[PDB]
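Colleague: Chains as they are written, first to last, in PDB author numbering: chain b, 2 to 101; chain AO, 1 to 25; chain X, 2 to 130; chain O, 2 to 151; chain Y, 2 to 144.
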Amino acid sequence: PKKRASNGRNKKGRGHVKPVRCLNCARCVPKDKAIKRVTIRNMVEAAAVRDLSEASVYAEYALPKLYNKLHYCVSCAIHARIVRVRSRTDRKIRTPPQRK
Amino acid sequence: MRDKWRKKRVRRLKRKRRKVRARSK
Amino acid sequence: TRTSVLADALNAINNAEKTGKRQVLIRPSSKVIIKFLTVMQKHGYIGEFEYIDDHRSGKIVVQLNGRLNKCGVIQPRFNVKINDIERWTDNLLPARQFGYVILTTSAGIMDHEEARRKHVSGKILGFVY
Amino acid sequence: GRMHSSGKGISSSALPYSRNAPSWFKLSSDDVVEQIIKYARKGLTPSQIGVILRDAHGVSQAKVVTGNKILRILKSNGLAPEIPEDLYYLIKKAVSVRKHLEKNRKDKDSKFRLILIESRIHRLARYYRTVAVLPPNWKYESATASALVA
Amino acid sequence: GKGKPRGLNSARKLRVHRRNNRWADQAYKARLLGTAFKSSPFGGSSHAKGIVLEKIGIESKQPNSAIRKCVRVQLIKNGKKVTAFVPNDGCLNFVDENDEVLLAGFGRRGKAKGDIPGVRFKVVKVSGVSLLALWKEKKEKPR
RNA sequence: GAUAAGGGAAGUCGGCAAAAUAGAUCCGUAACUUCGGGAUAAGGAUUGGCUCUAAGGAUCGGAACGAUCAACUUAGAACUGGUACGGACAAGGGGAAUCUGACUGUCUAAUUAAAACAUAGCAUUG
RNA sequence: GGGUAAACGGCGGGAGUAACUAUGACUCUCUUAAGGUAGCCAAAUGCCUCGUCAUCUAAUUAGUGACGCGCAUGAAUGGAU
RNA sequence: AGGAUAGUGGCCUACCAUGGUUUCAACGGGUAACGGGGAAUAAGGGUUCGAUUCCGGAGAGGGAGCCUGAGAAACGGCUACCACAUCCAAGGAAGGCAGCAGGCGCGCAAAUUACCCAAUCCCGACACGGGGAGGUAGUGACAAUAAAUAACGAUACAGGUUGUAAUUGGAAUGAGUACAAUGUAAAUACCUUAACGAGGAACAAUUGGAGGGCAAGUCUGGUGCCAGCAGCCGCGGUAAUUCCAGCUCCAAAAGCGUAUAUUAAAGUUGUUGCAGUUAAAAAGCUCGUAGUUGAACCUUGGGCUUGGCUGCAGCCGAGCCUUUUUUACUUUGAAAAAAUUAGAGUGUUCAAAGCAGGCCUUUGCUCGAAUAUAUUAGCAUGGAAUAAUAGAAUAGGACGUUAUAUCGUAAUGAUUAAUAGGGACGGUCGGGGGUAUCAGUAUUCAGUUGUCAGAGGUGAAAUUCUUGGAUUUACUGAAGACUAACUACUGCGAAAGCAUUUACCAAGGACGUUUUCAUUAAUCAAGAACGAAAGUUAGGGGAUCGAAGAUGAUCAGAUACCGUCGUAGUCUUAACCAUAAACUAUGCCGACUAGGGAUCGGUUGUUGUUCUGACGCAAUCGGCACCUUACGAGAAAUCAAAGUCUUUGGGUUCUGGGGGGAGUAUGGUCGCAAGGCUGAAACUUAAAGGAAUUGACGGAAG
RNA sequence: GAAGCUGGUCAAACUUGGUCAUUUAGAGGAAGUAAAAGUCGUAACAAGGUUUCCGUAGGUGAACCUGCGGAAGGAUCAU
Ligand SMILES: CC[C@H]1CN2CCc3cc(OC)c(OC)cc3[C@@H]2C[C@@H]1C[C@H]1NCCc2cc(O)c(OC)cc21
Ligand SMILES: CC[C@H]1CN2CCc3cc(OC)c(OC)cc3[C@@H]2C[C@@H]1C[C@H]1NCCc2cc(O)c(OC)cc21
Ligand SMILES: [Mg+2]
Ligand SMILES: [Mg+2]
Ligand SMILES: [Mg+2]
Ligand SMILES: [Mg+2]
Ligand SMILES: [Mg+2]
Ligand SMILES: [Mg+2]
Ligand SMILES: [Mg+2]
Ligand SMILES: [Mg+2]
Ligand SMILES: [Mg+2]
Ligand SMILES: [Mg+2]
Ligand SMILES: [Mg+2]
Ligand SMILES: [Mg+2]
Ligand SMILES: [Mg+2]
Ligand SMILES: [Mg+2]
Ligand SMILES: [Mg+2]
Ligand SMILES: [Mg+2]
Ligand SMILES: [Mg+2]
Ligand SMILES: [Mg+2]
Ligand SMILES: [Mg+2]
Ligand SMILES: [Mg+2]
Ligand SMILES: [Mg+2]
Ligand SMILES: [Mg+2]
Ligand SMILES: [Mg+2]
Ligand SMILES: [Mg+2]
Ligand SMILES: [Mg+2]
Ligand SMILES: [Mg+2]
Ligand SMILES: [Mg+2]
Ligand SMILES: [Mg+2]
Ligand SMILES: [Mg+2]
Ligand SMILES: [Mg+2]
Ligand SMILES: [Mg+2]
Ligand SMILES: [Mg+2]
Ligand SMILES: [Mg+2]
Ligand SMILES: [Mg+2]
Ligand SMILES: [Mg+2]
Ligand SMILES: [Mg+2]
Ligand SMILES: [Mg+2]
Ligand SMILES: [Mg+2]
Ligand SMILES: [Mg+2]
Ligand SMILES: [Mg+2]
Ligand SMILES: [Mg+2]
Ligand SMILES: [Mg+2]
Ligand SMILES: [Mg+2]
Ligand SMILES: [Mg+2]
Ligand SMILES: [Mg+2]
Ligand SMILES: [Mg+2]
Ligand SMILES: [Mg+2]
Ligand SMILES: [Mg+2]
Ligand SMILES: [Mg+2]
Ligand SMILES: [Mg+2]
Ligand SMILES: [Mg+2]
Ligand SMILES: [Mg+2]
Ligand SMILES: [Mg+2]
Ligand SMILES: [Mg+2]
Ligand SMILES: [Mg+2]
Ligand SMILES: [Mg+2]
Ligand SMILES: [Mg+2]
Ligand SMILES: [Mg+2]
Ligand SMILES: [Mg+2]
Ligand SMILES: [Mg+2]
Ligand SMILES: [Mg+2]
Ligand SMILES: [Mg+2]
Ligand SMILES: [Mg+2]
Ligand SMILES: [Mg+2]
Ligand SMILES: [Mg+2]
Ligand SMILES: [Mg+2]
Ligand SMILES: [Mg+2]
Ligand SMILES: [Mg+2]
Ligand SMILES: [Mg+2]
Ligand SMILES: [Mg+2]
Ligand SMILES: [Mg+2]
Ligand SMILES: [Mg+2]
Ligand SMILES: [Mg+2]
Ligand SMILES: [Mg+2]
Ligand SMILES: [Mg+2]
Ligand SMILES: [Mg+2]
Ligand SMILES: [Mg+2]
Ligand SMILES: [Mg+2]
Ligand SMILES: [Mg+2]
Ligand SMILES: [Mg+2]
Ligand SMILES: [Mg+2]
Ligand SMILES: [Mg+2]
Ligand SMILES: [Mg+2]
Ligand SMILES: [Mg+2]
Ligand SMILES: [Mg+2]
Ligand SMILES: [Mg+2]
Ligand SMILES: [Mg+2]
Ligand SMILES: [Mg+2]
Ligand SMILES: [Mg+2]
Ligand SMILES: [Mg+2]
Ligand SMILES: [Mg+2]
Ligand SMILES: [Mg+2]
Ligand SMILES: [Zn+2]
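(1) Got a sec? Which residues, its chain only, sit under 6 Å from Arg38 of chain b by beta carbon, not counting five neighbours each side?
(2) Decide if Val53 of chain Y is buried, meaning its Cβ has at least 16 other Cβ atoms within 10 Å, or exposed.
(3) For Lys3 of chain Y, which of X:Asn12, X:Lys60 and X:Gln76 has the nearest alpha-carbon?
(4) Using the rule of at least 16 other Cβ atoms within 10 Å of the residue's Cβ for burial, across every protein chain shown, is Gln36 of chain O buried or exposed?
(5) Here's the rule: buried if 16 or more other CB atoms are within 10 angstroms of the residue's CB, otherwise exposed. What is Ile53 of chain X?
(6) Mind checking if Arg16 of chain Y is an interface residue toward chain X, Cβ cutoff 8 Å exclusive?
(7) Between the alpha carbons of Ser19 of chain O and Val66 of chain O, how many angstroms are there, rounded?
(8) Just mark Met111 of chain X as buried or exposed, buried being the case when its beta carbon has 16 or more other beta carbons within 10 Å.
(9) Could you check whether the stretch 65-79 of chain O touches the stretch 43-56 of chain O, counting it as contact only if at least three pairs of C-beta atoms, one from each stretch, sit closer than 8 Å?
(10) Kindly list, in the order they appear in chain Y, the residues whose Cβ is closer than 8 Å to that of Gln76 of chain X.
(11) DSSP three-state call for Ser24 of chain O: helix, strand or coil?
(12) Using alpha carbons as the reference points, say which of X:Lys82, X:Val40 and X:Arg23 lies closest to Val62 of chain X.
(13) To the nearest angstrom, how far is the alpha carbon of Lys104 of chain O from that of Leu26 of chain X?
(14) Do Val87 of chain Y and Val74 of chain Y count as a contact pair if the criterion is CB distance below 8 Å?
(15) With a CB to CB cut of under 7 Å and the five nearest residues on each side skipped, what residues in its chain are close to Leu149 of chain O?
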């Protein structure tokens, strides 16, 4: 039977969507179907932000961030636990998980 | 067997039939 | 496109009656629609209805009284001989004691009982019960 | 709707209920007729004549004032075009598309649109032939179309 | 509008559409193609006589395990060779080589019956004497 | 260089040699195909002479008509004869397949004309 | 030391098996490399050989069609049509 | 025009034209095809059958030609050929059972070489003769009707005044046999009827079954996955409710079973009346001819009188007064063979039937032999709703009944403009298209520079490159691709698809409009345009990835997954190919049915807002979607359409009919090929399949 | 007025050729089904241990593997 009303992607009123490569395995996945995550991490880990600030020649120097948008295929994401199998009724919930 | 490979096997066998019949035309 | 305004009118009446509304708007109007409604009203299946003139085909507002089970058209309008009226009433009506098959005969649009009274037949047009 | 598309737009004009001239209209049934003939001699089609009339002269409808439709008045005064206006504009569009197509052979979209436009021309010309507006032997020819809409 | 024409003048379309679609019904198709006339071993008949060629035991299909005792019969009318089951306990001893047997179907109308594979006929009479009469010792085989 | 009863390749390495066919008009024409062909495929009928008939043009005259002039083509009919008649001359035998070279073309003057050479097409090298 | 086969050319020997019989679908090791693929065949190329089967005939070392561990077929030394 | 014919007619001839039929299915092919009245089955609609008691046609072994005659292309007439075949003295001659009977053959499949003109009728010169026409009997379980195989007492018991279970009686009767009479042409039989004719009333009922479907055993013996049964599901391996038997019981019964065909069941052929998201099945997408189907609108209302029929009302008919061209359809009628069907009457002893029959007993009286149905077409007819069609637009229009080309009459003559369509116009809006053009970094490769031992790749390695300087670093350049981030439950396009800038070229939807035309439209066999990727042909390009291939790992083996290279290809130009899970697995057009918040484009009204634009708040039209509910639908999953579907009919195209064989074979057609489109059958099979539930399992998550 | 004769006309029938239709042999080749679950592997069903499937094209004892583009009928309706 039909598992999802969206067919597991996000294509409505559209014919074709160009693919993207999974970050992990380089598999061609449609752009609307790919699991996309935007990560903004500190470029220096919090353990080293101290000794690097002490070694800094600049008073009040801000450490730059690391901006990245990651694309995963369904297999990459499920394997890496980026997304998990949800119950039949919980599948419909499409709000971001309440963790942050 | 997989339907796609079953189709490929039958296509190769039709091809052989045509080539065999062409000998005597 | 719009191939039968009588079918559209009766479909609108059926949907309003099924949903419990006591009034329905029909667009467009026509003579056949008005005379079909007149037959339904004479037999009490609808109340007063109103014709609105818009310098076009027109509009109708019908008052429904909740007595109507179903009204419908028969497409196409088959030719009906007098001996075929029995077959049509058998197939279309819920019982032999109530309900009407509406015909358009050269004597006018009328229910099958009046058609039997004046011994006329025409083309089948619809039903009501 | 949209004979040659999937659109379902309903935008159009809504004629007023009144079939009489507005009370504030003061022009006579003649002065509109001479205005129409003057614009028809300037080369305007009936659509444009009605547009100029309502836009600048307050003639809401030429029929409620003069008594006749604009094309009917032109035909009564010998100003009716040989080709009906809508067929003329369809043929002109087909001429423009075919001229673009001969220089842009890879424009497969224009080839598809040309087929749509020409089918619409043939359907309208068939109607005009059945109503004897066009001669029974009138036929739309792609090769000689540019002459009619020159 | 239900996918079929409803116009008062569409009788040709309705009649032709039904005519095209009755060919999907195998009973109608077999009746008009005449497959019994062309393909059936009996040629459309209910019964057929023939000569017993040999007595053959056929293993029943799973899950059954038995030896269904049939004969190979060559039909007189067309020379075709068929396999015919010999019903009842021990009626194979009533059937000898070069006997004339009257055959009939199993009642499944061209299909095999039960666990017997590829056999569509049964012996009704042998040497002009009913097999039931022989089985019940009502009559004796003329020999 | 001719002819030959009956048979008709039994002759011979092998149908070599010879015979048979043959012009024209009309009919009819298969497999296969690179759609161009194959093809005159295959396979049939007729054909003389004489007496007629019909059709097909030019220039003049003011006319869908008159006058004058003019070429050989085609079609039809009757009659006729020892059934003959492309009457001498001239003039394809045909078909079903296999091997091989695509084809037209070329060479061993004076023993080999071929499957050999060339060829268009294709590819490589500087 | 590297490249190059529409360069010259080459493309093999060995080791086991299926509820009658027959066959063998079923792995590694050597020669300086690869080990004959698609095709085709007793062919103008096959020794054995007048190969075996079918067809053609009264009778066929001939012909054709099949078969193929092919002495010694095979891809621009071009293969098959 | 003639000839010929009984006569019309290309029936035939001469001359002359080039016509005639066809997707509304011509022509060809098949028919195990003579047509019809009719038959079977049947709620209705249907499906199937009709060689065969009547009517029409045709034939007499196959063809053909004739004679005679009013009538024949005759065959129980002739002539000839072909095929069969008889006698012969070898020279010749004679044939036609698809008439009756009979034989052979064929086959699953069908009767006597009997009696007669008595009836029905026919023929003849005819009151008289003849008739295998016909009737009668024989064979005959083709079908159909009626209908025996027992009934009643007493004891004895059981039993709640009576139903039986047994051993005891006397009655009754026809099956059969027969005097006889009848029947009949003569018989047979029937009907009547002396005498005979029943206790085991042996004067003896069978065919199939007893697991379920499906009515009736869990009795006994036998066998032991054998034998066998079993339409299907299944039974049988030592207590078999299923086989083989005995007993008992069940069903129909002078009948019962089996095979095959057909009808119902089958709403599994669907017009009534199916199904197409996932079970089989919406064409990849548009255009489009035939076909089918297409908005509304033109004498309505009122008044008076009157006829009839139902119990003052009601229902039909009228008749006046109010300004008063072609069909289709439906009504009625005429004409429509009998048999068959339905049906009225009628004690064939009942009945199937038949069309007889009934009366006080008749030198005769007398009810009858009805009536419906047929149904397309034709004919006649009443009605004018519904659906078509024509008319007066360059007026060549209508009336002048008694007007004289003119003149005069006249209200002189054009329906709305559809929340159908088409067109114009106005500001837009789009990652819609084509042609150029302009970026961007990246990748790789190259040139310079700098150091020095590794670099690459992996789970770990190895192939590989490296002191000849790899990898790394900065600058510069060249090639091809590709357009990141922005990028979304957002946009555009018929779909496939489309994303750097700008210019040009031609399109487009929506919106706005008191513009224009007026049915021009919807869906569409045939026929077309476009149609991802891969693939083919030929040029150009060939950075990167990368079928094939080469190679290093893993492994028992992997010429697989993983790693490093790599040829076609990937890009482009000219052409082909025409297919995808081309998917929303959901045709298109139209109407209606329920709440809500977002969002894109357009338009229209308005702010404690920033700076005209943006934003904010309201409406609306169009889109892409989404959330809730379930009125409703559905097998369910689910669905605002997959609803308005047994309360079944808005228009229209396509497709499916258990699973395989098989999208195969064959034929055709398109293609250079790969292949596309169209497309079977034999045979085989009881399930295959859809959705959901519980569990079990998972090298899935928690 | 017989036989017979001339020329026509209708035209059976035979030979050849063509065509249509229905049956049938065949070395060998290549299938399908049934039977039993015989050999080899393990392609699918669990993330079936490389997600599966579609179209297309190569390769290969066999299931199958690989490239390109699709689909979810996915193992994600979601950041
Ligand atoms: C007198 C001429 C005749 C005589 N006759 C007698 C009969 C006869 C019969 C034949 O057979 C029946 C035949 O057989 C050939 C030949 C002859 C000779 C042939 C000769 C001429 C001939 N001589 C030899 C070659 C030749 C070349 C030419 O150029 C040429 O032209 C003039 C002619 C020739
Ligand atoms: C690609 C072919 C095989 C080769 N073999 C050799 C033995 C081995 C031993 C290991 O451990 C010592 C190991 O590390 C995991 C990986 C292997 C690889 C794994 C691979 C199986 C693959 N298919 C499914 C399982 C899997 C898991 C992975 O993580 C993974 O990554 C590369 C890959 C896989
Ligand atoms: Mg797609
Ligand atoms: Mg109306
Ligand atoms: Mg009517
Ligand atoms: Mg609309
Ligand atoms: Mg209709
Ligand atoms: Mg001789
Ligand atoms: Mg001789
Ligand atoms: Mg000879
Ligand atoms: Mg010889
Ligand atoms: Mg010889
Ligand atoms: Mg010799
Ligand atoms: Mg010799
Ligand atoms: Mg010679
Ligand atoms: Mg010739
Ligand atoms: Mg040569
Ligand atoms: Mg020489
Ligand atoms: Mg020399
Ligand atoms: Mg020489
Ligand atoms: Mg080899
Ligand atoms: Mg080989
Ligand atoms: Mg060989
Ligand atoms: Mg060979
Ligand atoms: Mg040789
Ligand atoms: Mg030989
Ligand atoms: Mg020889
Ligand atoms: Mg050979
Ligand atoms: Mg060699
Ligand atoms: Mg060689
Ligand atoms: Mg005449
Ligand atoms: Mg004539
Ligand atoms: Mg026909
Ligand atoms: Mg017949
Ligand atoms: Mg019947
Ligand atoms: Mg019949
Ligand atoms: Mg019949
Ligand atoms: Mg009959
Ligand atoms: Mg009969
Ligand atoms: Mg008769
Ligand atoms: Mg006759
Ligand atoms: Mg006879
Ligand atoms: Mg005869
Ligand atoms: Mg006779
Ligand atoms: Mg005769
Ligand atoms: Mg006779
Ligand atoms: Mg007889
Ligand atoms: Mg007979
Ligand atoms: Mg008895
Ligand atoms: Mg039994
Ligand atoms: Mg029971
Ligand atoms: Mg027992
Ligand atoms: Mg026992
Ligand atoms: Mg028993
Ligand atoms: Mg039975
Ligand atoms: Mg049925
Ligand atoms: Mg169904
Ligand atoms: Mg499926
Ligand atoms: Mg399906
Ligand atoms: Mg679709
Ligand atoms: Mg369309
Ligand atoms: Mg219509
Ligand atoms: Mg209408
Ligand atoms: Mg409008
Ligand atoms: Mg960009
Ligand atoms: Mg956008
Ligand atoms: Mg579209
Ligand atoms: Mg259609
Ligand atoms: Mg089509
Ligand atoms: Mg190239
Ligand atoms: Mg390996
Ligand atoms: Mg590479
Ligand atoms: Mg290419
Ligand atoms: Mg393609
Ligand atoms: Mg498809
Ligand atoms: Mg999809
Ligand atoms: Mg589909
Ligand atoms: Mg469609
Ligand atoms: Mg709708
Ligand atoms: Mg509706
Ligand atoms: Mg907006
Ligand atoms: Mg507005
Ligand atoms: Mg929902
Ligand atoms: Mg939806
Ligand atoms: Mg099926
Ligand atoms: Mg399931
Ligand atoms: Mg035929
Ligand atoms: Mg596996
Ligand atoms: Mg897997
Ligand atoms: Mg594995
Ligand atoms: Mg695997
Ligand atoms: Mg590989
Ligand atoms: Mg790989
Ligand atoms: Mg699933
Ligand atoms: Zn993946």
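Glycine included, every Cβ here is placed at the ideal spot set by N, Cα and C.
Modeller: Concretely, from the data shown:
(1) Residue numbering aside, residue 38 of chain b sits at position 37 when the first sequence is read from its first letter. So the list reads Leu71, once near-sequence residues are dropped.
(2) Here the question's residue 53 of chain Y lines up with position 52 in the fifth sequence. Result: buried.
(3) Here residue 3 of chain Y refers to the residue found at position 2 of the fifth sequence. Closest by alpha carbon: X:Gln76.
(4) In the fourth sequence, residue 36 of chain O corresponds to position 35, counting from 1. It counts as buried.
(5) Numbered from 1 along the third sequence, position 52 holds the residue referred to as residue 53 of chain X. Burial call: exposed.
(6) The residue you call residue 16 of chain Y lines up with position 15 of the fifth sequence. So, not an interface residue.
(7) Against the fourth sequence, residue 19 of chain O aligns to sequence position 18. Against the fourth sequence, residue 66 of chain O aligns to sequence position 65. Taking the straight line from one Cα to the other gives about 12 Å.
(8) Against the third sequence, residue 111 of chain X aligns to sequence position 110. When all chains shown are included, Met111 of chain X counts as buried.
(9) yes
(10) Mapped onto the third sequence, residue 76 of chain X falls at position 75. Neighbours of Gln76 of chain X on chain Y, chain order: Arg7.
(11) On the fourth sequence, residue 24 of chain O is found 23 positions in, with the first residue counted as 1. In the structure shown, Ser24 of chain O sits in coil (DSSP, three-state: anything other than H, G, I, E or B).
(12) Start at 1 with the first residue of the third sequence, and residue 62 of chain X comes out as number 61. Nearest of X:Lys82, X:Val40 and X:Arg23 to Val62 of chain X, Cα basis: X:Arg23.
(13) Sequence index remark: in the fourth sequence, residue 104 of chain O carries index 103 (1-based). Sequence index remark: in the third sequence, residue 26 of chain X carries index 25 (1-based). Rounded to the nearest angstrom, the two C-alpha atoms are 55 Å apart.
(14) The residue given as residue 74 of chain Y occupies position 73 in the fifth sequence. The residue given as residue 87 of chain Y occupies position 86 in the fifth sequence. No; because the gap between Cβ atoms is not below 8 Å, this pair is not in contact.
(15) Counting from one through the fourth sequence, the residue named residue 149 of chain O turns up at place 148. Cβ neighbours of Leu149 of chain O beyond the five flanking positions: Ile84 and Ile92.
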